[PDB]
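One file, run.cif, carrying mmCIF, C-alpha atoms and all ligand atoms:
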```cif
data_entry
#
loop_
_atom_site.group_PDB
_atom_site.id
_atom_site.type_symbol
_atom_site.label_atom_id
_atom_site.label_comp_id
_atom_site.auth_asym_id
_atom_site.auth_seq_id
_atom_site.Cartn_x
_atom_site.Cartn_y
_atom_site.Cartn_z
ATOM 1 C CA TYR K 1316 96.095 120.535 101.201
ATOM 2 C CA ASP K 1317 92.509 119.668 99.942
ATOM 3 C CA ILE K 1318 90.261 120.321 103.074
ATOM 4 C CA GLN K 1319 87.330 118.358 101.453
ATOM 5 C CA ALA K 1320 89.224 115.186 100.176
ATOM 6 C CA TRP K 1321 88.479 113.162 103.392
ATOM 7 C CA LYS K 1322 84.818 112.613 102.401
ATOM 8 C CA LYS K 1323 85.398 110.540 99.200
ATOM 9 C CA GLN K 1324 88.314 108.764 100.986
ATOM 10 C CA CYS K 1325 85.872 107.735 103.771
ATOM 11 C CA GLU K 1326 83.176 106.652 101.187
ATOM 12 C CA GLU K 1327 85.774 104.349 99.490
ATOM 13 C CA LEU K 1328 86.974 102.935 102.856
ATOM 14 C CA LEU K 1329 83.314 102.169 103.870
ATOM 15 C CA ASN K 1330 82.924 100.348 100.461
ATOM 16 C CA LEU K 1331 85.968 98.099 101.294
ATOM 17 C CA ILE K 1332 84.530 97.431 104.813
ATOM 18 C CA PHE K 1333 81.135 96.357 103.281
ATOM 19 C CA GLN K 1334 82.988 93.877 100.922
ATOM 20 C CA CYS K 1335 84.839 92.307 103.978
ATOM 21 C CA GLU K 1336 83.105 89.155 105.382
ATOM 22 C CA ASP K 1337 84.114 90.298 108.922
ATOM 23 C CA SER K 1338 81.729 93.379 108.684
ATOM 24 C CA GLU K 1339 78.534 91.300 108.310
ATOM 25 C CA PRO K 1340 77.470 91.419 112.069
ATOM 26 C CA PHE K 1341 78.052 95.228 112.048
ATOM 27 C CA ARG K 1342 76.322 96.334 108.769
ATOM 28 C CA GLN K 1343 72.840 97.027 110.355
ATOM 29 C CA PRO K 1344 71.659 97.773 113.909
ATOM 30 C CA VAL K 1345 71.998 94.812 116.328
ATOM 31 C CA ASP K 1346 68.684 92.803 116.216
ATOM 32 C CA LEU K 1347 66.918 93.217 119.593
ATOM 33 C CA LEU K 1348 64.716 90.101 118.899
ATOM 34 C CA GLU K 1349 67.974 88.000 118.560
ATOM 35 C CA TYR K 1350 69.670 89.793 121.623
ATOM 36 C CA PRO K 1351 66.861 90.793 124.016
ATOM 37 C CA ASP K 1352 69.170 92.225 126.799
ATOM 38 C CA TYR K 1353 71.219 94.392 124.327
ATOM 39 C CA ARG K 1354 69.990 97.865 125.569
ATOM 40 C CA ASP K 1355 70.552 96.818 129.279
ATOM 41 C CA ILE K 1356 74.350 96.831 128.445
ATOM 42 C CA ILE K 1357 74.712 99.257 125.439
ATOM 43 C CA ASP K 1358 73.518 102.920 125.855
ATOM 44 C CA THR K 1359 74.391 104.114 122.265
ATOM 45 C CA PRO K 1360 73.930 101.617 119.398
ATOM 46 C CA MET K 1361 76.005 102.167 116.215
ATOM 47 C CA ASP K 1362 76.437 100.288 112.869
ATOM 48 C CA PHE K 1363 78.133 100.871 109.436
ATOM 49 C CA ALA K 1364 74.820 101.680 107.604
ATOM 50 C CA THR K 1365 74.201 104.526 110.115
ATOM 51 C CA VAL K 1366 77.823 105.783 109.591
ATOM 52 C CA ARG K 1367 77.466 105.727 105.750
ATOM 53 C CA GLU K 1368 73.973 107.476 105.921
ATOM 54 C CA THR K 1369 75.352 110.222 108.266
ATOM 55 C CA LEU K 1370 78.319 110.787 105.771
ATOM 56 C CA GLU K 1371 76.019 110.853 102.635
ATOM 57 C CA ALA K 1372 73.575 113.269 104.342
ATOM 58 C CA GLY K 1373 76.390 115.808 104.962
ATOM 59 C CA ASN K 1374 76.140 115.392 108.768
ATOM 60 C CA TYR K 1375 79.898 114.835 109.434
ATOM 61 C CA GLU K 1376 82.015 118.038 109.511
ATOM 62 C CA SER K 1377 85.431 116.100 109.842
ATOM 63 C CA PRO K 1378 86.890 112.591 109.540
ATOM 64 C CA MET K 1379 87.502 112.656 113.348
ATOM 65 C CA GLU K 1380 83.668 112.624 113.898
ATOM 66 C CA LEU K 1381 83.298 109.593 111.572
ATOM 67 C CA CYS K 1382 86.263 107.836 113.367
ATOM 68 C CA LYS K 1383 84.532 108.354 116.808
ATOM 69 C CA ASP K 1384 81.298 106.602 115.532
ATOM 70 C CA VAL K 1385 83.255 103.666 113.920
ATOM 71 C CA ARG K 1386 85.273 103.186 117.179
ATOM 72 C CA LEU K 1387 81.847 103.053 119.044
ATOM 73 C CA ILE K 1388 80.841 100.035 116.841
ATOM 74 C CA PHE K 1389 83.969 98.188 118.126
ATOM 75 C CA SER K 1390 83.642 99.307 121.812
ATOM 76 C CA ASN K 1391 79.950 98.146 121.803
ATOM 77 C CA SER K 1392 81.090 94.679 120.577
ATOM 78 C CA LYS K 1393 83.760 94.472 123.360
ATOM 79 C CA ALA K 1394 81.194 95.509 126.022
ATOM 80 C CA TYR K 1395 78.434 93.080 124.807
ATOM 81 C CA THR K 1396 80.623 89.969 124.262
ATOM 82 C CA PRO K 1397 80.287 87.227 126.939
ATOM 83 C CA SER K 1398 83.856 86.073 126.050
ATOM 84 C CA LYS K 1399 86.997 87.550 124.498
ATOM 85 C CA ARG K 1400 86.994 84.285 122.384
ATOM 86 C CA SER K 1401 83.481 84.800 120.906
ATOM 87 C CA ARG K 1402 83.100 84.574 117.049
ATOM 88 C CA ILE K 1403 81.534 88.042 116.566
ATOM 89 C CA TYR K 1404 84.012 89.808 118.941
ATOM 90 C CA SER K 1405 86.941 88.077 117.077
ATOM 91 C CA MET K 1406 85.532 89.486 113.764
ATOM 92 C CA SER K 1407 85.362 92.996 115.356
ATOM 93 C CA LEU K 1408 89.136 92.879 116.315
ATOM 94 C CA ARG K 1409 90.196 92.006 112.723
ATOM 95 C CA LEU K 1410 87.956 94.678 111.209
ATOM 96 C CA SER K 1411 89.207 97.327 113.744
ATOM 97 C CA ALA K 1412 92.836 96.573 112.727
ATOM 98 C CA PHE K 1413 91.940 96.971 109.018
ATOM 99 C CA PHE K 1414 89.998 100.264 109.743
ATOM 100 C CA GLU K 1415 92.859 101.799 111.859
ATOM 101 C CA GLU K 1416 95.514 100.883 109.198
ATOM 102 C CA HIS K 1417 93.428 102.746 106.482
ATOM 103 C CA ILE K 1418 92.019 105.777 108.449
ATOM 104 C CA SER K 1419 95.535 106.881 109.691
ATOM 105 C CA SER K 1420 96.495 108.709 106.413
ATOM 106 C CA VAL K 1421 92.926 110.220 106.061
ATOM 107 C CA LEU K 1422 93.202 111.883 109.523
ATOM 108 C CA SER K 1423 96.872 113.013 108.923
ATOM 109 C CA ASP K 1424 96.116 114.537 105.472
ATOM 110 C CA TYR K 1425 92.971 116.412 106.796
ATOM 111 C CA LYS K 1426 94.725 117.804 109.870
ATOM 112 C CA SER K 1427 97.733 118.943 107.690
ATOM 113 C CA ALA K 1428 95.353 120.612 105.128
ATOM 114 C CA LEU K 1429 93.519 122.533 107.923
ATOM 115 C CA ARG K 1430 96.896 123.721 109.453
ATOM 116 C CA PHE K 1431 97.893 124.993 105.926
ATOM 117 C CA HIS K 1432 94.491 126.813 105.564
ATOM 118 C CA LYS K 1433 95.013 128.558 108.936
ATOM 119 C CA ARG K 1434 98.726 129.435 108.380
HETATM 120 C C1 LIG N 1501 78.724 84.713 121.899
HETATM 121 O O1 LIG N 1501 78.990 86.092 121.477
HETATM 122 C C2 LIG N 1501 77.968 86.760 120.947
HETATM 123 O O2 LIG N 1501 76.899 86.240 120.701
HETATM 124 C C3 LIG N 1501 78.290 88.154 120.561
HETATM 125 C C4 LIG N 1501 79.564 88.800 120.772
HETATM 126 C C5 LIG N 1501 79.762 90.072 120.298
HETATM 127 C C6 LIG N 1501 78.719 90.765 119.628
HETATM 128 N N1 LIG N 1501 78.965 92.044 119.179
HETATM 129 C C7 LIG N 1501 77.968 92.696 118.610
HETATM 130 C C8 LIG N 1501 76.698 92.123 118.351
HETATM 131 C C9 LIG N 1501 76.430 90.855 118.787
HETATM 132 C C10 LIG N 1501 77.453 90.143 119.448
HETATM 133 C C11 LIG N 1501 77.276 88.823 119.915
#
```

Would you mind writing the file out in structure tokens?
Amino acid sequence: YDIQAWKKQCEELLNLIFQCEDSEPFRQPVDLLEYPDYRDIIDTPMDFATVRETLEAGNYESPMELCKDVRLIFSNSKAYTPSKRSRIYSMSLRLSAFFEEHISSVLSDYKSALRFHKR
């Protein structure tokens, strides 16, 4: 029932994601010189460095906020890909599976702790 424990759990999950080869396209903002039409398709850019900086600044109030920004990384990849068989999109699907498998217990433990607080 620790209402604060989600933050270190999210820091350690971001560390695993940065060690994964599949995160490399997603670590920094998409390069607009490399992809000159990017902002014609994508209204809200997002990347893992932005997620980690928002967490370390104390600008997430809950793990659900962090989960919404990480899911935006993956939806941007799906919207920008020219093909469902593209290399970078394929990397996004593996990394999304890994993220969802790990964030499940973080969300469950937080929501249980808050229900206990408010009992
Ligand atoms: C041929 O596919 C691509 O070049 C591609 C596909 C997905 C992407 N996702 C994010 C950033 C860049 C991306 C690029």

Leaving out residue 1382 in chain K and any residue of its chain fewer than 2 positions from it, which residues lie within 12 Å of it when counting all atoms listed in the file, given as a list in words?
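Listed by chain and then number, they are residues 1321, 1325, 1328, 1329, 1363, 1366, 1367, 1370, 1375, 1376, 1377, 1378, 1379, 1380, 1384, 1385, 1386, 1387, 1388, 1389, 1411, 1414, 1415, 1417, 1418, 1419, 1421 and 1422 of chain K.
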
Taking all atoms listed in the file and a cut-off of 12 Å, can you tell me which residues surround ligand LIG 1501 (chain N), written as a ChimeraX atom specification?
/K:1337-1354,1356-1357,1360-1362,1387-1408

For CA of residue 1324 in chain K and CA of residue 1433 in chain K, determine how far apart the two atoms are, in Å to one decimal place.
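These two atoms are separated by 22.4 Å.
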
Please measure the separation of CA of residue 1371 in chain K and CA of residue 1323 in chain K, giving the value in Å to one decimal.
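Computed distance, CA of residue 1371 in chain K to CA of residue 1323 in chain K, equals 10.0 Å.
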
Considering all atoms listed in the file, state which residue in the set K:1326, K:1335, K:1364, K:1426 is at the smallest distance from residue 1413 in chain K.
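Selected residue with least distance to residue 1413 in chain K: K:1335.
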
Mind pulling up the distance from CA of residue 1425 in chain K to CA of residue 1317 in chain K?
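If I compute the distance from CA of residue 1317 in chain K to CA of residue 1425 in chain K, I get 7.6 Å.
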
Spatial neighbours of residue 1318 in chain K, 10 Å, all atoms listed in the file, chain gap at least 4 places, as an MDAnalysis selection string
chainID K and resid 1322 1377 1424:1432

Box in all listed atoms of range 1337-1349 of chain K, axis-aligned, with 6 Å more on each side; write out centre and edge lengths in Å to one decimal as lines of an AutoDock Vina configuration file.
```
center_x = 74.4
center_y = 92.9
center_z = 114.0
size_x = 31.4
size_y = 21.8
size_z = 23.3
```

I need range 1359-1376 of chain K written out with N, CA and C atoms, as a JSON list (two decimals), in the first residue's frame; please produce it.
```
[["chain", "number", "residue", "atom", "x", "y", "z"],
["K", 1359, "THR", "N", 1.41, 15.25, -32.08],
["K", 1359, "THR", "CA", 2.09, 15.29, -30.76],
["K", 1359, "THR", "C", 3.25, 14.30, -30.72],
["K", 1360, "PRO", "N", 4.48, 14.78, -31.01],
["K", 1360, "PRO", "CA", 5.67, 13.94, -30.88],
["K", 1360, "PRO", "C", 5.89, 13.47, -29.44],
["K", 1361, "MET", "N", 6.45, 12.26, -29.29],
["K", 1361, "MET", "CA", 6.85, 11.77, -27.95],
["K", 1361, "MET", "C", 8.01, 10.76, -28.11],
["K", 1362, "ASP", "N", 8.89, 10.68, -27.11],
["K", 1362, "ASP", "CA", 10.09, 9.84, -27.09],
["K", 1362, "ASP", "C", 10.41, 9.47, -25.63],
["K", 1363, "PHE", "N", 11.26, 8.45, -25.43],
["K", 1363, "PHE", "CA", 11.60, 7.96, -24.07],
["K", 1363, "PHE", "C", 12.40, 8.97, -23.25],
["K", 1364, "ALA", "N", 13.28, 9.77, -23.88],
["K", 1364, "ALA", "CA", 14.04, 10.81, -23.13],
["K", 1364, "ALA", "C", 13.08, 11.85, -22.54],
["K", 1365, "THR", "N", 12.09, 12.27, -23.29],
["K", 1365, "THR", "CA", 11.03, 13.18, -22.80],
["K", 1365, "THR", "C", 10.27, 12.54, -21.62],
["K", 1366, "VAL", "N", 9.92, 11.27, -21.74],
["K", 1366, "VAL", "CA", 9.19, 10.55, -20.65],
["K", 1366, "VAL", "C", 10.05, 10.54, -19.36],
["K", 1367, "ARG", "N", 11.31, 10.10, -19.48],
["K", 1367, "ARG", "CA", 12.24, 10.05, -18.34],
["K", 1367, "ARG", "C", 12.43, 11.46, -17.72],
["K", 1368, "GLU", "N", 12.57, 12.53, -18.54],
["K", 1368, "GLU", "CA", 12.79, 13.91, -18.03],
["K", 1368, "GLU", "C", 11.53, 14.38, -17.29],
["K", 1369, "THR", "N", 10.35, 14.07, -17.81],
["K", 1369, "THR", "CA", 9.07, 14.48, -17.17],
["K", 1369, "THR", "C", 9.02, 13.77, -15.77],
["K", 1370, "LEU", "N", 9.34, 12.47, -15.70],
["K", 1370, "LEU", "CA", 9.33, 11.68, -14.44],
["K", 1370, "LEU", "C", 10.32, 12.34, -13.45],
["K", 1371, "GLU", "N", 11.57, 12.59, -13.88],
["K", 1371, "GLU", "CA", 12.66, 13.06, -12.97],
["K", 1371, "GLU", "C", 12.41, 14.50, -12.51],
["K", 1372, "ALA", "N", 11.64, 15.27, -13.27],
["K", 1372, "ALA", "CA", 11.27, 16.63, -12.89],
["K", 1372, "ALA", "C", 10.15, 16.66, -11.84],
["K", 1373, "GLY", "N", 9.48, 15.53, -11.60],
["K", 1373, "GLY", "CA", 8.30, 15.52, -10.72],
["K", 1373, "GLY", "C", 7.07, 16.07, -11.41],
["K", 1374, "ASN", "N", 6.93, 15.82, -12.71],
["K", 1374, "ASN", "CA", 5.78, 16.31, -13.51],
["K", 1374, "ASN", "C", 4.84, 15.17, -13.92],
["K", 1375, "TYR", "N", 4.97, 13.97, -13.35],
["K", 1375, "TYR", "CA", 3.89, 12.95, -13.41],
["K", 1375, "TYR", "C", 3.31, 12.85, -11.99],
["K", 1376, "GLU", "N", 1.98, 12.83, -11.89],
["K", 1376, "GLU", "CA", 1.30, 12.64, -10.59],
["K", 1376, "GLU", "C", 0.99, 11.14, -10.39]]
```
